[PDB]
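Just the one chain here, laid out as structure tokens, in the form deposited in one PDB entry.
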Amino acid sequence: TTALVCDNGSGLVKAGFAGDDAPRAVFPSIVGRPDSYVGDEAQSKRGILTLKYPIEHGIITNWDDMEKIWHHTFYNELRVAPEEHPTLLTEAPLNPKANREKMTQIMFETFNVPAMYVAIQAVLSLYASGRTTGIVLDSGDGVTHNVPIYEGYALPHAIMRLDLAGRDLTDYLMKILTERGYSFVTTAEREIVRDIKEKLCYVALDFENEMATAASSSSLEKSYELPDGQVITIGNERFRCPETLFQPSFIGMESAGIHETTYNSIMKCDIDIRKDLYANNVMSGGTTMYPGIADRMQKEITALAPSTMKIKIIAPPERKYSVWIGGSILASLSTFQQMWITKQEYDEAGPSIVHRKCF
């Protein structure tokens, strides 16, 4: 028996088998309807199909499209029988309990898996680094979370959500490149702008100094080759787009930066655990992959935090898949095998068992 690990994101579904070091199937989490197409198939036929996201801001809202995503992952993407594998799933922090119950109900009634488990994505990201206590910056594609975790428990009284993630940064980069004369209004243009964001954009240690250097010299400019042979030059946008994470006002959002929200979450926590939260600051998600974001986060929090406090930011190079990696570490443990919500336990207890076993 091999345990399926499936991290469901707003932009990417990352699925694979426990024990693997990387998701066997990482694909966009979109559903196309004119029969339905899921993932890359729907992404290719953007003109013919209408695309919908079953997950928005990390919380599942469209359950039919989510069920289609899960079926595509099990059969069309992993090519394994769901009924033979204990399926480990993931949930967003502060997920409504009705969503967890619906998740287990669909897992056991529609897929008939022999076992399953639901874990918070930030908790898995913290597990993947060998930690049980610490604060996780889970910044993905639809939402950013600051989640303090005390011995595997995500404290609901300090978790905070910021609707500012990789997708908003892609839109902001499109806006800036339009300001510089580059036309990016189409879906393919959005995809190539996302590619530019992934390959060239970075977090500046000091935004004002970086802007001054970009204005004065031209060393920070980088060249990018568009699919249709066109070559563009990107200058200050290599650090203006990521800066929206720390200064959301760039996109008209009145909320605080990721550093300020991290400090707010740590302040909402008991004063006895704040030192451990500062010393274990885990960055996770695709939007935390910008070069220099770890140093910038450390500097900003050191500015906000008390001087005597020691702040360490943990940003593993594989942090883009750290949720799935933590899930694969989880589902392949010997002590975890009794934690699976078995089909028998679900039958004798009902969906609400997910509250009493997965917490």
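The numbering used is simple: start at 1 and walk along the sequence shown. Under this definition, the rigid core comprises the largest set of C-alpha atoms superposing within 1.5 Å between the forms.
In the deposited entry, the stretch joining residue 34 to residue 35 is interrupted by 10 or more residues of the deposited sequence lacking coordinates.
This next part talks about the form solved in complex with a small molecule, which is not shown.
Residue 276 falls outside the set of residues with a heavy atom inside 4.5 Å of the small molecule in the deposited complex. Proximity of residue 106 to the small molecule in the deposited complex: non-hydrogen atoms within 4.5 Å are absent; the residue sits far from the partner.
Residue 163 belongs to the set of residues with a heavy atom inside 4.5 Å of the small molecule in the deposited complex. The shortest heavy atom separation between residue 81 and the small molecule in the deposited complex exceeds 4.5 Å.
Core-superposed comparison between this form and the one not shown: among 193, 283, 103, 266, the single residue whose C-alpha moves by 2 Å or more is 103. The pair residue 148 and residue 61 is at least 3 angstroms farther apart at the CA level in the deposited complex than in the present model. The Cα-Cα distance between residue 50 and residue 174 is shortened by 3 Å or more in the deposited complex relative to the form shown here.
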